[PDB]
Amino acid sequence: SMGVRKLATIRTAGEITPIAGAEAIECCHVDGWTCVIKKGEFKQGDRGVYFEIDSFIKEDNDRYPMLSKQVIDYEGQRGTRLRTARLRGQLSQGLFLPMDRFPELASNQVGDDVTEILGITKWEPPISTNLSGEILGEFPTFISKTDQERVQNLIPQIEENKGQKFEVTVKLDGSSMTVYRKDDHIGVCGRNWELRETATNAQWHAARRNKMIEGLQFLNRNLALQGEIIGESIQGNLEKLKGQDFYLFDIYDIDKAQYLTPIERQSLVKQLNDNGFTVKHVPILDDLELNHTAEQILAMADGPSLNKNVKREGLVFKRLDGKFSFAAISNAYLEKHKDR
């Protein structure tokens, strides 16, 4: 998905195959996903509404009776969190429903995002106190969010980018943080909002400890430093840090409205650190020239994290021109850490 967008989309049923023994269900490929459907629901080529994992579907027995015994109470409301599943060891991800359940979507084309009209939201794990700040204002409209699309949703784009080169980085499991300068203002943001400085806010504390506000003034440009804050009290602290710290993965050029290329970003990190502004960067793996299937890419996702004895959330791929990127999440990670 793209943040809170594209949780529910119109998609085309792919290859459908029988499931061993179970006479009432079958396996349906939907883009790079596989999920269990009931017999009678689809033939290959049919449209359906595909709800991606992490969708939260509020209880509705008329529309979603197949979820009635999967409901939890989440943020004060009964509904179902879609999660990675297995049936006799076979991977199933997401929910694929045929169009007869959605007569009001009959004019929607393949590719349409129907998240809002269906009221689908994204499930999120609990956030610790110091990662929720005093809201200064909106996330700046002149800075891109840090959302990354999943490789499973990019099958044609993977072929379109055959032969292109990518920076491969470890996907750290923390919270997205943006520190930016635009003319006479420097701000600190979390995932969704710009935050006021307080003595206990974790994003501001990380920005202050690494001097990245003075670093932005030194660079004297309109830039957004975007990174992951990880460590104690954040997302289970996979890396076993003491304390917290910021790990850069992108720099947004505000005036040009584009990301710096990986090489441009490496040079700015070097300039920052060489001048006393200690900014760390997410782990960088070998570059990849793309000549791969989604399946091969997903088989790259598991591996050592920043802490090499823990298994990483996955990988992010950023094309060397800065203009195309995606994430490959480790399915083993999704099945191991079921509470986030």
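All residue numbers refer to positions in the sequence shown, first residue = 1.
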{"item": "Higher-scoring stretch by recorded Cα B factor average, 240 to 248 or 167 to 175", "value": "240 to 248"}
{"item": "Which of 274 to 282 and 299 to 307 has higher mean CA B factor, as the PDB entry lists it", "value": "274 to 282"}
{"item": "Per the PDB entry, maximal CA B factor within 78, 256, 150, 162", "value": "256"}
{"item": "Out of 230, 118, 158, 71, residue topping the C-alpha B-factor column of the entry", "value": "158"}
{"item": "Residue 235 CA temperature factor, ranked by third within the chain", "value": "middle"}
{"item": "Among modelled residues of the same chain, the CA temperature factor third for residue 261", "value": "middle"}
{"item": "CA B-factor placement of residue 82, once the chain's modelled residues are sorted into thirds", "value": "lowest"}
{"item": "Record-listed C-alpha B factor of residue 91: chain third", "value": "highest"}
{"item": "Lowest, middle or highest third - CA B-factor, residue 112", "value": "middle"}
